Structures are given as C-alpha cells and as structure tokens.
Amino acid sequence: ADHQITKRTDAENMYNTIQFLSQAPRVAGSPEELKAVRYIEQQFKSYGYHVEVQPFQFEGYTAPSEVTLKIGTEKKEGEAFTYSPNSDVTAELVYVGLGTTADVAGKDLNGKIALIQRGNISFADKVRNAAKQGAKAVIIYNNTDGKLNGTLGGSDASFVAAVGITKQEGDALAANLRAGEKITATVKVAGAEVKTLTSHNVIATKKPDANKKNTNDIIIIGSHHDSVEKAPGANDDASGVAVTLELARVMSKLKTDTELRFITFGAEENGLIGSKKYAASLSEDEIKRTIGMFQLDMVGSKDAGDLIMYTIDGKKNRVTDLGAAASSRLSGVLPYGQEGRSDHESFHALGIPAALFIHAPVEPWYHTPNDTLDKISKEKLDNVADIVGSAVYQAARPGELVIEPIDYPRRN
C-alpha cells in the first residue's frame, strides 16, 4: 500500500512551494502571510479540494524603537520582552530572586525596579508578581549565555516594562545587591505598541469516497504558514506547508474511507493562536471522531538531524504508532520523545492523539535570516512525505485499520 504514496511524492513540487513562500518572512497578520494564505488556498483548489479560510484576530506587538538600560551611569545591553509596556523610570534596583509571589511579598518594591532571575515560573508571572508590588520596571537576567529573548505571552496592562539581560551581567548585580550595595538603575522603553491583527487558517478537506467501507473517522494533517520576524522561514515552516500540500495532492489520486483535513495554521509563532482557534471550532462529535493529528514543522533542512516524533506527554499514541509503522517499512526505526512548541499541542489539549514530526536536533538557522531555500533538502522532504503519507494512508486506504505490534524507542 505504501507504493501508492511513495510513487507519487513529488519533491520538486515541495521545493517549489518553499521557493515561492520563502521569498520574504511571513509575519502573522502581515501582507506576506496574507499572500501565503492566498497561495496555499489556490494550490489546494488546484488539487480539486474545497477550501475554507478561517479568520481570527489577535494582539500583535510592535517592538520598541529603543531600549535604554543603565545601572547608575554605565549603559548595559538589554532586550525588551515582547508585549513589554513603555517606561522611563529611574529608581533603586531591588533583587527579588525568582520573583515568585513570595519572593516579592517580603520586599519593598514600591516605585522601584526589580531584578529577577530567570527560572521556575514564566516571565509573565515574574513581571506580574513584581508589578503588583508597585515595581515600575523589571530586569530579568539569563540562566545561560547569549541575550535573554522571551515573551510575556500576550498584551496585559497588568505588566510594566520588562527587559532581559545576560547571566554574567545579571549574577554580578545580584551579588553586589546581596553584599549590601545600594544600586540605582534606569529602564527606558519607548516605541513599543500593541495592535489588533487578523491572521487565518486554510482548511482543505477530502470527504471519504470509498464504497460501503466509509468510516466516520477523521485525520488532521497540519503545518503553520507564518514565520518569525526577519526569517524567510524556508524550513520553519514552509517545509511543513510544502509536505502538507503535496500529501493533499497525493491523496486526491486515491480512494479513502477516512475524512482527511489538510490545514495550514496562522500565527503559530505568536503562541499557536491559529491552531487554538481551529481546535475551538470543532464539535464534541468531531473531537471524538478524530483518530489522529499529524503536525509537520521543520521537515526539510539538510542541516538538521534525524526524523523524530514528539508528543506533549512523552507517551505513545495512535499517531506515533502509525508513524513508527510506516517508517519501519520505509526507512527503519523512528523514535519518539516529549515536546510541545507546535500546533500539535492545540489538539492534544482536546484529547486527540497528536504528534509533531520534525528533524532533530534542529539546524542552527532556526528563526534566523539564514532559514532559507538553500538549506533545504529535497531528499528529506520526500522521505517525510513518504513516511507521514504512508502512515496516514495506512488508516485512510479502504478497509479496516490494522496496526501491527512494533517496538520503537523514546529518545531524549
């Protein structure tokens, strides 16, 4: 049965999809993402699919024009967290540890600037916990090398300007403060803006067309069509979109007894907003009938490692079972592990079996201007299309679903 898939997986088609999409970054809610939505819609239609476009709004963030951080007189390097309010305050710097509700409860942060170490809780809670105590600004320092780049999740007037700094420059201040030194700091954040944007999810569905063998099962195959600022997003995630489109094309040539929904989600980089919106559109019946959701994210880089399947809880499910089965016949052992960070999380949250298919360890180009077309491997795109497509087909082909017993290891 795999031959029905492997003989039709066109790597040139997939390469071409990535070439068109990665001509420029596709920031969620931007004209470029809209352009991608129209392109994807048109390709699905060309395969003969009926397509639906689900719109949704979300709070976008415009980075501040300038982030000025100063300890007394010396100027330090700091990057304002996304969704960070604006500020122009100069006051005493107070170390409050991890910024837990307790760490700040015993301290006097009224009108002062809090110094918080990254860890345990989310950056959002730290800023929130410190702001509730009267803190006018927050300085968070790294746990590892390199700048501290994070997000407060989304807009929230309960926040106060928050900027991150390295571990070295952070442990130093914390030490000086612990030693009893009285330090003053300046946190000026200007330019930052929050705006309401509109993104979209593209949904192409193939209804079962088998004889009396039709089931009421549903399988979802997804990827996200947006990319981060400044990143052409060839592999993250035009690659996933390319495989999603090609598999949709492949399946249109075959009879199926299982409803297939090929979807490209918007605003994934903003917090899986698109997939959360689509998941919220499903009825209780659709939820219980969805036997599996396959997420394709970063599946074409020549500079990434072997293919692996990630599940939210690190446990095996119907999707990893099918993925493992297909791979055992086509390429060998396909390991599984625990990881979220992608659209599969949105379906796992509803109890639907789900897994992320990705090449790990990931390439160094991830989220950089270097995530381009010349890093893409047609051979890997084709292999993923072969494995995921055969796994889906093992279920979608006419007849009853049978999954033979096979062992596949968990990899951390």
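For every residue, the number given is its place in the sequence shown, counted from 1.
- Comparing the deposited coordinates for 168-176 and 228-236, the stretch with the larger average C-alpha B-factor is 168-176.
- Mean CA B-factor, 13-21 versus 392-400: the higher value falls on 392-400.
- In this entry, the residue among 279, 102, 272, 260 with the greatest C-alpha B factor is 102.
- Of all the options 196, 86, 290, 199, the entry's greatest CA B-factor is assigned to 86.
- In the PDB entry, a CA B factor belonging to the lowest third of its chain's modelled residues is recorded for residue 268.
- For residue 294, the recorded CA B-factor ranks within the lowest third of the chain. Only modelled residues enter the ranking.
- Looking at the C-alpha B-factors along this chain, the one for residue 121 belongs to the highest third.
- Among all modelled residues in its chain, residue 66 ranks in the highest third by Cα B-factor.
- Sorting the modelled residues of the chain by their CA temperature factor places residue 312 in the middle third.
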